[PDB]
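Novice: Below is the structure I would like to discuss, written out as structure tokens.
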Amino acid sequence: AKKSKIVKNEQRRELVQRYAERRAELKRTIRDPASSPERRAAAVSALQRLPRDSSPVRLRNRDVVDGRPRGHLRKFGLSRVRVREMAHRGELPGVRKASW
Amino acid sequence: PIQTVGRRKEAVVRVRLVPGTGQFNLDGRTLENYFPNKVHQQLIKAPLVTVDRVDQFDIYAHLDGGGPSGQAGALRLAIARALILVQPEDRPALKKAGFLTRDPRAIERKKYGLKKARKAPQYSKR
Amino acid sequence: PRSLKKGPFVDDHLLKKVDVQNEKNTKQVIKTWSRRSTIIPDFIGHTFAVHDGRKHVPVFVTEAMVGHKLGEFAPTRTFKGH
Amino acid sequence: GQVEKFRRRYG
Amino acid sequence: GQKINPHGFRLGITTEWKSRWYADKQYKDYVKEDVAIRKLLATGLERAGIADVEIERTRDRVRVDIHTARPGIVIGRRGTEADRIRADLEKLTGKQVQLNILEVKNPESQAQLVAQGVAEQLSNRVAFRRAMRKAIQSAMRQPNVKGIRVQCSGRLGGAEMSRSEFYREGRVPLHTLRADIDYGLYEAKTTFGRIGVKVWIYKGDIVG
Amino acid sequence: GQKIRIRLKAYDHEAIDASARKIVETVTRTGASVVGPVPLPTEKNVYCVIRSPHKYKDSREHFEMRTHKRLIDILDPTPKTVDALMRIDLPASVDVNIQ
Amino acid sequence: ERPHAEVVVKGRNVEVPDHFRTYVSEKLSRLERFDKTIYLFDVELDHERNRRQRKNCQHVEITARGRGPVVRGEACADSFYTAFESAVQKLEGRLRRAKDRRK
Amino acid sequence: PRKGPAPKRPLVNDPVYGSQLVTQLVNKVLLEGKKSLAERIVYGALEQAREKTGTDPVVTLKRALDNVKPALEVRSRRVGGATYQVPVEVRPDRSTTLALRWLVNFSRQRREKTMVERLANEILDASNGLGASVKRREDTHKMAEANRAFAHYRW
RNA sequence: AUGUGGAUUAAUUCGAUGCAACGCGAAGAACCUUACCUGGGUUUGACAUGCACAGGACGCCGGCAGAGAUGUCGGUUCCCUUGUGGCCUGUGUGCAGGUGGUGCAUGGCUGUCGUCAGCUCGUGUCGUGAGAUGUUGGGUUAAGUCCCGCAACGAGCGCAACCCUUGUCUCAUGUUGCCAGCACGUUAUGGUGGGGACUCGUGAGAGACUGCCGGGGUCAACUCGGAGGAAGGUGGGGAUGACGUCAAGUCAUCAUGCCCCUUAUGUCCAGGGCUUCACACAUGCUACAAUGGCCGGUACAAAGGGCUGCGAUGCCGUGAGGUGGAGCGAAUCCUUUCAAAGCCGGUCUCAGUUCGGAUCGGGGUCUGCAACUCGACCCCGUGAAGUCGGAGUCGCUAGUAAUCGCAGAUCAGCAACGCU
């Protein structure tokens with residue numbers, strides 16, 4: 001769609017691999033039990049101090065080349081249109097039109 | 001021994017047609033604790049009616065698949081086939097009655113462009 | 001809603017602003033962009049300005065307005081009838 | 001109105 | 001939209017795949033890799049015509065075969081082009097590059113290559129009858145070429161209306177499954193706009 | 001006895017069959033015990049789409065990426081036979097689960 | 001049924017002076033005059049905005065409900081007035097014919 | 001059927017009674033696949049009639065059917081500016097069928113608090129010659145009498 | 001509940017318009033998405049890649065200012081062998097980017113009349129010529145399918161058949177599934193050893209072809225009755241869309257010829273909206289009750305999905321769910337040994353109700369940085385309109401319709417009653 005937002009989705013995935021790996025998850029491990037410092041943690045606040053791009057919620061699974069951001073298929077990482085065309089050109093493992 | 005099969009829309013049941021009483025076994029129960037439906041009873045018994053052999057051949061079978069109606073139809077099919085195996089001479093008065101045809105009325109694929117198999121949406125001309 | 005065990009959403013920016021205001025023990029008009037912050041009764045004398053997608057609106061806080069989010073009191077949609 | 005008790009339930 | 005790809009319609013029956021493997025979790029990865037591969041192939045060479053691109057994967061290695069009737073224009077006589085492509089393969093993470101180039105026997109019996117030659121003739125400066133007709137004859141003179149069709153679209157000589165008229169000879173049974181077929185497509189440069197091309201070749205029937 | 005269980009996966013029955021035959025031939029060489037290609041069922045992954053862009057949802061197209069499967073229970077694991085079997089190269093449409 | 005003519009004025013993207021609305025409602029009343037069977041009148045006022053056009057700037061689709069048979073009049077012209085009047089006369093042909101075949 | 005008709009379905013005989021009009025009856029009173037519910041309703045009602053009359057309910061059923069089953073009905077046609085109704089004879093198949101349809105649909109709007117009772121009392125009433133089914137059948141004959149004039153059409 | 005029209009509106013993004021638009025692009029709008037609006041910052045840019053020139057760091061880690069963008073200090077201050085390479089610091093330079101317009105400039109891709117049976121060519125003759133014949137006439141056909149004829153002989157795309165699936169059967173067949181004959185645990189139980197016996201699953205393959213009996217028929221097609229067979233006469237359902245039209249739709253899936261922008265129509269940001277509402281229209285769901293509602297007890301299905309995912313065993317919570325993690329990359333385990341309508345039992349007794357569930361006030365759960373705008377679920381209380389529906393109108397010929405339930409994907413979580 002737009003090279004800008006494609007790049008941004010990629011960059012958000014990299015920021016995720018940085019910080020949602022551990023620094024946006026160990027605080028959830030803090031926040032799950034009943035024995036937490038939530039009484040006086042402010043781990044909530046330190047999480048607010050982390051960026052918004054910490055979260056994978058701000059991601060969006062765009063088609064890997066085209067980026068048709070809707071109609072995504074996770075089995076392929078592709079959108080419906082390219083999927084048609086390449087299944088339709090016979091360029092995928094064991095993929096064919098069907099019946100039953 | 002005797003071992004044969006019947007099938008009606010995902011209703012498979014194997015049958016052991018013993019020469020004993022008319023005592024029926026359906027996975028540890030009888031024809032009235034399982035199938036409390038006299039129409040199903042009639043469908044199941046009508047071959048015995050046909051050859052006049054009620055209370056001449058016990059049965060041991062396993063319920064598998066389908067619902068009550070499919071199970072009953074597959075059952076009477078399998079019983080008819082067992083009777084052909086016991087003696088062929090009853091056959092020409094059975095296909096006469098069609099107690100042998102494996103009912104080829106199965107479900108249709110739900111298609112697209114619809115709500116289900118054939119009921120289209122309300123076609124407005126607006 | 002924001003369940004008990006988590007604790008409320010009282011965002012750090014205006015939390016810091018009100019820490020400043022109540023450490024000075026004087027209360028002034030404040031401008032903020034955070035509808036999503038719920039309320040403590042610490043704010044009752046404090047005064048907030050809050051955004052409507054278009055501008056701000058200064059608004060004063062009260063006892064019974066707690067348990068709420070400020071955007072409840074910031075009107076987002078103008079509608080005048082037909 | 002009973003907000004002193006609201007934020008005893010909420011902490 | 002009338003007519004589907006004959007390749008894609010006979011794919012599991014008569015014709016066959018063009019990128020074979022098995023994979024349960026590396027699947028998205030193999031797909032993005034393969035699109036990058038084909039893109040870099042087109043961008044690394046365009047003077048010659050890639051008929052197909054096909055080969056497979058294993059635990060470690062990532063092999064390719066590839067078809068073109070003029071590899072002499074393509075590959076490094078000493079190794080220039082193949083080495084640039086092995087480098088492109090290192091860059092996009094192949095790391096074990098069994099780039100095993102191949103060439104066809106009958107370039108005229110290849111749908112994609114006939115269409116590429118036609119479109120070359122069109123983008124040069126040239127008109128339509130002699131190019132079209134001469135490709136048709138060049139194909140039909142060969143043994144297995146039992147049928148053919150051509151469906152060009154674009155703005156021939158004959159300003160603005162998107163006109164399209166076809167040419168053919170032999171047999172083109174495209175609702176018949178024992179038939180072997182070859183499809184051929186193109187979409188690239190021309191002054192006024194784009195020219196598009198479709199091609200069908202028929203090559204006996206198959207009984208098995 | 002000792003058992004080893006190999007679960008094969010692929011997309012083409014022609015390849016799974018050919019590879020099963022070649023593998024069982026190699027097992028047959030060293031007299032190692034074979035059970036053979038016991039057929040498991042098939043998977044049927046399906047992914048419906050729409051053919052065209054921007055509208056025309058009533059028109060559709062289905063696809064089905066099956067995965068044929070086979071179990072070949074091998075017994076009498078002579079480690080020489082293991083050294084034989086581990087290192088056969090096969091068509092690439094197959095992947096194997098030696099366990 | 002006299003105000004029951006369900007007026008539906010509309011334009012996708014046109015400068016629509018509100019006296020065109022007067023024109024449309026009046027020209028549709030004109031056929032309220034001689035057809036007392038009317039429920040719906042969906043109407044458009046469309047514009048293709050191509051350069052170096054093919055003599056046909058504006059476009060109109062009109063459809064109307066009657067008791068069973070629905071009516072359909074499509075037109076095309078340079079501007080609003082020929083569009084209105086032409087679709088009106090096509091509807092008039094339709095409706096004269098319909099009330100001739102009604103009996 | 002511009003090319004031609006197709007066969008009718010082979011009704012079963014009743015397991016209990018020995019009559020296929022009873023399976024026809026349950027299949028005409030059926031609603032939403034609950035065939036066994038239809039069955040038990042009908043059997044309860046017929047046995048209610050049995051305790052009401054001291055005899056088999058089937059005889060009074062067929063007597064009610066003899067009362068409410070016409071052999072003549074209407075079949076319209078648009079002709080010459082004014083649509084004309086016409087008498088047409090009715091073969092016994094559709095006669096019995098439409099009779100049963102009358103029977104059910106005028107049973108439903110009674111006030112016996114329950115379908116089984118409504119139905120049983122309607123059957124008794126029609127055997128006796130009182131039901132709204134009989135009333136409508138008489139209305140049909142009334143219409144055929146009013147429009148005997150159009151029989152020369154023979155259609 | 002959804003989607004549109006209309007008016008508001010700061011913005012209610014854009015396109016879609018009869019049949020063939022309006023549970024459409026949406027197989028998931030709280031931010032992101034989002035193209036929209038306010039405000040802020042930005043401008044060789046968020047992004048590439050090529051130049052020369054200055055460089056040896058770039059960055060990365062924590063802080064304060066900050067709505068964030070962004071700005072500011074401390075820490076790392078590279079490896080090539082000396083020619084300058086990886087990298088970016090910038091200088092500008094080629095520029096890069098556009099969801100800016102033209103689908104009537106275009107390719108592709110698709111819907112459609114229509115899965116309706118037709119559409120055309122060579123040579124041939126006829127006709128001044130447009131063009132015709134062939135493809136018209138008789139019968140028959142699922143049908144330009146086939147036959148009897150003749151200035152036509154033939155031929156190609158078509159229809160039909162080879163494809164899958166379902167339908168019967170044979171051979172091989174044994175785990176993760178059958179488990180009869182057997183044996184062993186016996187409360188949870190095929191649970192375990194044991195047999196390929198029926199199933200079964202997956203593979204190969206015969207079988208249906210007016211093939212055969214007879215009656216009709218230019219004796220030709222073809223049809224009317226029969227046998228067997230599982231199916232009987234294109235077994236059923238799918239897939240497959242002739243030439244072409246509709247300047248149909250799509251410059252927003254993509255790519256693209258032209259013109260426009262470039263200190264901004266681009267671009268990075270926080271908030272808001274796309275969910276507005278005095279109304280109209282279209283598609284659906286649950287209802288208007290006794291074939292019913294409520295409570296209790298008991299039984300049989302196929303199908304798919306699952307790793308940084310699926311999740312029970314025990315218990316607590318009314319219940320949403322709650323720590324806990326066995327066991328599973330999976331016919332094994334979670335998917336209860338896979339359900340609901342249904343069977344049996346008790347009450348309710350025709351009613352604005354034990355109907356119906358909206359709307360609203362409370363109190364809570366969960367996912368998320370985040371539940372006001374603007375989420376789903378639970379409990380409590382609330383208990384409305386609605387008493388089978390006008391003109392007219394939609395759908396359906398067999399496991400079809402009508403009804404109950406389930407599952408999957410898009411999905412962090414949900415408008416999913418939708419779609420498959």
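Ordering of the structure tokens sets the chain letters (A, B, ...), residue numbers begin anew at 1 in every chain, and ligands are numbered from 1 in the order given.
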Quick one: which residues from chain C are at most 12 Å off chain I, using only C-alpha atoms (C1' of nucleotides), as a compact mmCIF listing (two decimals) with N, CA, C and O atoms, in the first residue's frame?
Specialist:
# COMPACT_ATOMS: atom_id res chain seq x y z
N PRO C 1 -14.48 -3.15 32.78
CA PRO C 1 -13.75 -1.96 33.22
C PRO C 1 -12.35 -2.31 33.70
O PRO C 1 -11.97 -3.47 33.67
N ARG C 2 -11.60 -1.31 34.16
CA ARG C 2 -10.31 -1.59 34.77
C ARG C 2 -10.55 -2.29 36.11
O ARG C 2 -10.94 -1.66 37.09
N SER C 3 -10.32 -3.60 36.13
CA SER C 3 -10.65 -4.43 37.27
C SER C 3 -9.90 -3.98 38.52
O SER C 3 -8.94 -3.21 38.47
N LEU C 4 -10.36 -4.48 39.67
CA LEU C 4 -9.76 -4.16 40.96
C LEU C 4 -8.28 -4.49 41.03
O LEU C 4 -7.47 -3.62 41.37
N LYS C 5 -7.93 -5.74 40.72
CA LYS C 5 -6.60 -6.25 41.00
C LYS C 5 -5.53 -5.45 40.28
O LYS C 5 -4.42 -5.27 40.80
N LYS C 6 -5.84 -4.95 39.09
CA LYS C 6 -4.87 -4.15 38.35
C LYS C 6 -4.65 -2.80 39.00
O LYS C 6 -3.53 -2.28 38.98
N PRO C 8 -6.38 1.32 39.18
CA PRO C 8 -6.90 2.23 38.16
C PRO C 8 -5.85 2.65 37.14
O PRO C 8 -4.68 2.28 37.23
N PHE C 9 -6.31 3.42 36.16
CA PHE C 9 -5.45 4.03 35.16
C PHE C 9 -5.40 5.52 35.48
O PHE C 9 -6.28 6.28 35.11
N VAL C 10 -4.34 5.91 36.16
CA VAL C 10 -4.11 7.28 36.55
C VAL C 10 -2.73 7.64 36.02
O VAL C 10 -1.70 7.37 36.65
N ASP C 11 -2.72 8.20 34.82
CA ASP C 11 -1.51 8.25 34.02
C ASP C 11 -0.46 9.19 34.61
O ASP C 11 -0.77 10.17 35.30
N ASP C 12 0.79 8.87 34.30
CA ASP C 12 1.91 9.38 35.08
C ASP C 12 2.12 10.86 34.85
O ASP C 12 2.57 11.57 35.76
N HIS C 13 1.81 11.34 33.65
CA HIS C 13 2.03 12.75 33.35
C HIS C 13 1.23 13.64 34.28
O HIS C 13 1.80 14.43 35.05
N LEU C 14 -0.09 13.53 34.25
CA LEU C 14 -0.87 14.40 35.11
C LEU C 14 -0.78 13.96 36.57
O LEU C 14 -1.01 14.79 37.45
N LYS C 31 -3.86 21.84 31.55
CA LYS C 31 -4.21 21.37 30.22
C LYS C 31 -3.67 19.97 30.02
O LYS C 31 -2.50 19.69 30.30
N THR C 32 -4.53 19.07 29.54
CA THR C 32 -4.16 17.67 29.43
C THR C 32 -4.88 17.06 28.25
O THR C 32 -5.96 17.51 27.84
N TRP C 33 -4.27 16.01 27.70
CA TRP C 33 -4.76 15.32 26.52
C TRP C 33 -5.31 13.93 26.82
O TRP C 33 -5.52 13.15 25.89
N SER C 34 -5.54 13.61 28.10
CA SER C 34 -5.75 12.23 28.54
C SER C 34 -7.18 12.04 29.01
O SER C 34 -7.48 12.22 30.20
N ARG C 35 -8.05 11.66 28.09
CA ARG C 35 -9.39 11.23 28.46
C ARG C 35 -9.36 9.92 29.23
O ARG C 35 -10.24 9.67 30.06
N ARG C 36 -8.37 9.09 28.96
CA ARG C 36 -8.34 7.71 29.38
C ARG C 36 -7.96 7.52 30.84
O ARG C 36 -8.00 6.39 31.34
N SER C 37 -7.62 8.59 31.54
CA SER C 37 -7.29 8.52 32.95
C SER C 37 -8.55 8.55 33.80
O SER C 37 -9.39 9.45 33.64
N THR C 38 -8.69 7.58 34.69
CA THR C 38 -9.76 7.62 35.67
C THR C 38 -9.36 8.55 36.81
O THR C 38 -8.26 9.10 36.84
N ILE C 39 -10.28 8.70 37.76
CA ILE C 39 -10.26 9.83 38.69
C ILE C 39 -10.00 9.34 40.10
O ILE C 39 -10.46 8.26 40.51
N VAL C 50 -9.34 19.78 28.70
CA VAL C 50 -9.39 18.49 28.05
C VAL C 50 -9.89 18.68 26.63
O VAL C 50 -10.69 19.58 26.35
N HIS C 51 -9.43 17.82 25.74
CA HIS C 51 -9.53 18.06 24.32
C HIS C 51 -10.76 17.37 23.73
O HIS C 51 -11.17 16.30 24.18
N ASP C 52 -11.34 18.02 22.72
CA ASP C 52 -12.56 17.55 22.07
C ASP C 52 -12.33 17.20 20.61
O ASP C 52 -13.26 17.32 19.80
N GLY C 53 -11.12 16.79 20.25
CA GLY C 53 -10.71 16.64 18.87
C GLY C 53 -10.44 17.94 18.14
O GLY C 53 -9.87 17.90 17.04
N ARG C 54 -10.82 19.08 18.71
CA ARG C 54 -10.86 20.37 18.04
C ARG C 54 -10.17 21.48 18.81
O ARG C 54 -9.50 22.32 18.22
N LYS C 55 -10.32 21.48 20.12
CA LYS C 55 -9.90 22.56 21.01
C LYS C 55 -9.77 21.94 22.40
O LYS C 55 -9.70 20.71 22.53
N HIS C 56 -9.72 22.78 23.43
CA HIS C 56 -9.78 22.33 24.81
C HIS C 56 -11.02 22.91 25.49
O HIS C 56 -11.68 23.80 24.95
N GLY C 67 -14.60 7.70 39.90
CA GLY C 67 -14.98 6.48 39.25
C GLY C 67 -15.20 6.61 37.76
O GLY C 67 -15.53 5.61 37.11
N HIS C 68 -15.02 7.80 37.21
CA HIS C 68 -15.30 8.12 35.82
C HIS C 68 -14.01 8.44 35.10
O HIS C 68 -12.95 8.64 35.71
N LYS C 69 -14.10 8.50 33.78
CA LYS C 69 -13.05 9.00 32.92
C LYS C 69 -13.43 10.41 32.47
O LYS C 69 -14.61 10.73 32.33
N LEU C 70 -12.42 11.25 32.28
CA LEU C 70 -12.69 12.66 32.04
C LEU C 70 -13.45 12.89 30.75
O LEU C 70 -14.26 13.82 30.67
N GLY C 71 -13.20 12.07 29.74
CA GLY C 71 -13.90 12.22 28.48
C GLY C 71 -15.40 12.10 28.58
O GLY C 71 -16.11 12.57 27.69
N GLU C 72 -15.90 11.46 29.65
CA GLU C 72 -17.33 11.52 29.93
C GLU C 72 -17.83 12.94 30.07
O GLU C 72 -18.99 13.21 29.74
N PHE C 73 -16.98 13.85 30.53
CA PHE C 73 -17.34 15.24 30.76
C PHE C 73 -16.79 16.18 29.70
O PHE C 73 -17.09 17.38 29.73
N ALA C 74 -15.98 15.67 28.78
CA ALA C 74 -15.61 16.38 27.57
C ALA C 74 -16.57 16.01 26.45
O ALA C 74 -16.54 14.85 26.00
N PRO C 75 -17.42 16.91 25.97
CA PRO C 75 -18.30 16.55 24.85
C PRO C 75 -17.51 16.40 23.56
O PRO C 75 -16.81 17.32 23.13
N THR C 76 -17.63 15.23 22.93
CA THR C 76 -16.96 14.96 21.67
C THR C 76 -17.80 15.37 20.48
O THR C 76 -17.28 16.00 19.56
N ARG C 77 -19.08 15.02 20.48
CA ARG C 77 -19.96 15.24 19.34
C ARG C 77 -20.90 16.40 19.62
O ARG C 77 -21.60 16.40 20.64
N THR C 78 -20.92 17.37 18.72
CA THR C 78 -21.95 18.39 18.70
C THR C 78 -23.10 17.83 17.87
O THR C 78 -22.89 17.28 16.79
N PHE C 79 -24.32 17.93 18.41
CA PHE C 79 -25.51 17.67 17.61
C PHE C 79 -26.59 18.64 18.09
O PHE C 79 -26.79 18.80 19.29
N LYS C 80 -27.28 19.25 17.13
CA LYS C 80 -28.19 20.35 17.41
C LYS C 80 -29.62 20.09 16.94
O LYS C 80 -30.49 20.93 17.18
N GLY C 81 -29.87 18.97 16.27
CA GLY C 81 -31.19 18.64 15.77
C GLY C 81 -31.34 18.98 14.30
O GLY C 81 -30.37 19.24 13.59
N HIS C 82 -32.59 18.96 13.85
CA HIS C 82 -32.93 19.25 12.46
C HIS C 82 -34.29 19.92 12.36
O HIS C 82 -34.65 20.47 11.31
Novice: Using only C-alpha atoms, I'd like a table of the residues in chain E that come within 7 Å of chain F; for each, show the closest atom pair and its distance in Å rounded to one decimal, ordered by chain and ascending number, as a tab-separated table.
Specialist:
residue	atom	partner	partner_atom	distance
E:20	CA	F:93	CA	5.8
E:21	CA	F:93	CA	4.2
E:22	CA	F:93	CA	5.0
E:56	CA	F:92	CA	6.4
E:57	CA	F:92	CA	6.4
E:58	CA	F:92	CA	6.3
Novice: Env of residue 3 in chain B: 6 Å cut, atoms = only C-alpha atoms (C1' of nucleotides), seq-sep filter 4 positions within chain, self excluded. Answer as a list in words.
Specialist: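 My list of contacting residues is residues 15 and 16 of chain B; 198 of chain I.
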Novice: With DSSP run on the backbone, what are the alpha helix (DSSP H) residues within chain D? I'd like them as a list in words.
Specialist: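 Answer for chain D, restricted to alpha helix (DSSP H): residues 3, 4, 5, 6, 7, 8 and 9 of chain D.
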Novice: Considering only C-alpha atoms (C1' of nucleotides), extract the chain I residues located within 7 Å of chain H and return them as a ChimeraX atom specification.
Specialist: /I:290-291,350,402-403
Novice: Would you work out the distance separating CA of residue 9 in chain H from CA of residue 81 in chain B, expressed in Å to one decimal?
Specialist: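 Between CA of residue 9 in chain H and CA of residue 81 in chain B the gap works out to 24.8 Å.
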Novice: Using only C-alpha atoms, what does the table of chain F residues within 10 Å of chain B look like, with each row giving the shortest atom pair and its distance in Å to one decimal, sorted by chain and ascending number, as CSV?
Specialist:
residue,atom,partner,partner_atom,distance
F:57,CA,B:113,CA,8.0
F:58,CA,B:113,CA,4.7
F:59,CA,B:113,CA,7.1
F:60,CA,B:112,CA,7.4
F:61,CA,B:112,CA,9.5
Novice: Keeping C-alpha atoms, export the residues of the selection given above as an mmCIF file, in the first residue's frame.
Specialist:
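Just written: part_5.cif:
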data_model
loop_
_atom_site.group_PDB
_atom_site.id
_atom_site.type_symbol
_atom_site.label_atom_id
_atom_site.label_comp_id
_atom_site.auth_asym_id
_atom_site.auth_seq_id
_atom_site.Cartn_x
_atom_site.Cartn_y
_atom_site.Cartn_z
ATOM 1 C CA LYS F 57 -18.337 -11.614 -2.687
ATOM 2 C CA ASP F 58 -20.939 -14.030 -4.040
ATOM 3 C CA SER F 59 -18.260 -15.341 -6.384
ATOM 4 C CA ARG F 60 -15.709 -17.445 -4.529
ATOM 5 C CA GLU F 61 -12.986 -20.020 -4.978
#
Novice: Just the number, please: distance in Å from CA of residue 57 in chain B to CA of residue 20 in chain B, one decimal.
Specialist: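 Taking CA of residue 57 in chain B and CA of residue 20 in chain B, their separation equals 4.8 Å.
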Novice: In Å, how far is it from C1' of residue 420 in chain I to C1' of residue 303 in chain I?
Specialist: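 Separation between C1' of residue 420 in chain I and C1' of residue 303 in chain I: 13.4 Å.
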Novice: Give me, as JSON, numbers by chain, all polymer residues having an atom no more than 9 Å from range 115-119 of chain B, counting only C-alpha atoms (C1' of nucleotides) and skipping those fewer than 3 positions away in the same chain.
Specialist: {"B": [108, 109, 110, 111, 112, 122], "I": [395, 396, 400, 401]}
Novice: Deliver the residues from the most recent selection as a file, using C-alpha atoms (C1' of nucleotides), as a PDB file, in the first residue's frame.
Specialist:
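That gives us result-v2.pdb:
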ATOM      1  CA  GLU B 108     -25.777 -32.075   0.083  1.00  0.00           C
ATOM      2  CA  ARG B 109     -22.786 -29.789   0.284  1.00  0.00           C
ATOM      3  CA  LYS B 110     -23.698 -26.372   1.597  1.00  0.00           C
ATOM      4  CA  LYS B 111     -22.894 -24.056  -1.296  1.00  0.00           C
ATOM      5  CA  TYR B 112     -21.822 -20.430  -1.512  1.00  0.00           C
ATOM      6  CA  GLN B 122     -34.570 -12.563  -0.390  1.00  0.00           C
TER       7      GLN B 122
ATOM      8  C1'   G I 395     -37.492 -18.664  -1.589  1.00  0.00           C
ATOM      9  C1'   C I 396     -37.963 -24.232  -2.299  1.00  0.00           C
ATOM     10  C1'   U I 400     -34.519 -30.686  -0.607  1.00  0.00           C
ATOM     11  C1'   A I 401     -37.575 -27.287   2.401  1.00  0.00           C
TER      12        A I 401
END
Novice: At a cut-off of 10 Å, using only C-alpha atoms (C1' of nucleotides), what residues contact residue 75 in chain H? Leave out same-chain residues fewer than 6 positions from it and give the result as a ChimeraX atom specification.
Specialist: /H:84-89,155
Novice: Store the residues of this selection in a file with C-alpha atoms, as a PDB file, in the first residue's frame.
Specialist:
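Listing of part_17.pdb after writing:
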ATOM      1  CA  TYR H  84     -64.039 -16.651 -13.861  1.00  0.00           C
ATOM      2  CA  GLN H  85     -64.142 -19.399 -11.278  1.00  0.00           C
ATOM      3  CA  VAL H  86     -64.943 -22.856 -12.624  1.00  0.00           C
ATOM      4  CA  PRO H  87     -65.990 -26.213 -11.116  1.00  0.00           C
ATOM      5  CA  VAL H  88     -63.506 -29.040 -11.585  1.00  0.00           C
ATOM      6  CA  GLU H  89     -63.830 -32.617 -10.389  1.00  0.00           C
ATOM      7  CA  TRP H 155     -61.347 -27.678 -18.145  1.00  0.00           C
TER       8      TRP H 155
END
Novice: Range 158-161 of chain E: which residues within 12 Å, counting only C-alpha atoms (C1' of nucleotides), same-chain residues fewer than 4 positions away excluded, as a list in words?
Specialist: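 Counting only C-alpha atoms (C1' of nucleotides), the residues come to residues 127, 128, 153, 154, 192 and 193 of chain E; 104, 105, 106, 247 and 257 of chain I.
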Novice: Please produce an output containing C-alpha atoms (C1' of nucleotides) for each residue in the selection, written as a PDB file, in the first residue's frame.
Specialist:
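File produced: result38.pdb:
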ATOM      1  CA  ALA E 127       3.451  -3.668 -36.087  1.00  0.00           C
ATOM      2  CA  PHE E 128       1.225  -6.656 -35.498  1.00  0.00           C
ATOM      3  CA  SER E 153      -4.782  -6.655 -26.106  1.00  0.00           C
ATOM      4  CA  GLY E 154      -3.658  -3.073 -26.430  1.00  0.00           C
ATOM      5  CA  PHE E 192       1.223   4.676 -25.230  1.00  0.00           C
ATOM      6  CA  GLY E 193       0.624   2.445 -22.230  1.00  0.00           C
TER       7      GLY E 193
ATOM      8  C1'   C I 104     -14.084   6.746 -20.841  1.00  0.00           C
ATOM      9  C1'   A I 105      -5.915   6.171 -21.492  1.00  0.00           C
ATOM     10  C1'   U I 106      -4.883   0.853 -19.984  1.00  0.00           C
ATOM     11  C1'   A I 247     -17.625   2.218 -22.472  1.00  0.00           C
ATOM     12  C1'   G I 257       0.452   5.763 -19.834  1.00  0.00           C
TER      13        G I 257
END
Novice: Extract, using only C-alpha atoms (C1' of nucleotides), all DNA, RNA and protein residues at most 10 Å from residue 125 in chain B, discarding same-chain residues fewer than 3 positions from it, and format them as a ChimeraX atom specification.
Specialist: /B:122 /G:65,70 /I:18-19
Novice: Go through chain I residue by residue and, counting only C-alpha atoms (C1' of nucleotides), keep those with an atom at most 8 Å from chain E; for each kept residue give the shortest atom pair and its distance in Å to one decimal, ordered by chain and increasing number, as CSV.
Specialist:
residue,atom,partner,partner_atom,distance
I:105,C1',E:160,CA,7.3
I:106,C1',E:193,CA,6.2
I:107,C1',E:196,CA,5.8
I:109,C1',E:1,CA,6.8
I:110,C1',E:1,CA,4.7
I:111,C1',E:1,CA,7.6
I:156,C1',E:171,CA,6.7
I:157,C1',E:172,CA,7.4
I:162,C1',E:178,CA,5.8
I:163,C1',E:177,CA,6.9
I:240,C1',E:175,CA,6.3
I:241,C1',E:2,CA,5.7
I:256,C1',E:194,CA,6.6
I:257,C1',E:193,CA,4.1
Novice: Tell me the residues of chain H close to chain G, meaning within 12 Å using only C-alpha atoms, as a list in words.
Specialist: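 Written out as asked, the residues are residues 80, 81 and 82 of chain H.
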Novice: Hey, can you spit out that residue selection with N, CA and C atoms as a CSV table (one decimal), in the first residue's frame?
Specialist:
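What landed in out.csv:
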chain,number,residue,atom,x,y,z
H,80,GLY,N,-61.3,-12.6,-20.6
H,80,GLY,CA,-62.2,-11.6,-21.1
H,80,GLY,C,-62.6,-10.5,-20.1
H,81,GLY,N,-61.6,-9.9,-19.4
H,81,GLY,CA,-61.9,-8.7,-18.6
H,81,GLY,C,-62.4,-9.1,-17.2
H,82,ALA,N,-62.9,-10.3,-16.9
H,82,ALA,CA,-63.4,-10.7,-15.6
H,82,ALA,C,-63.0,-12.1,-15.4
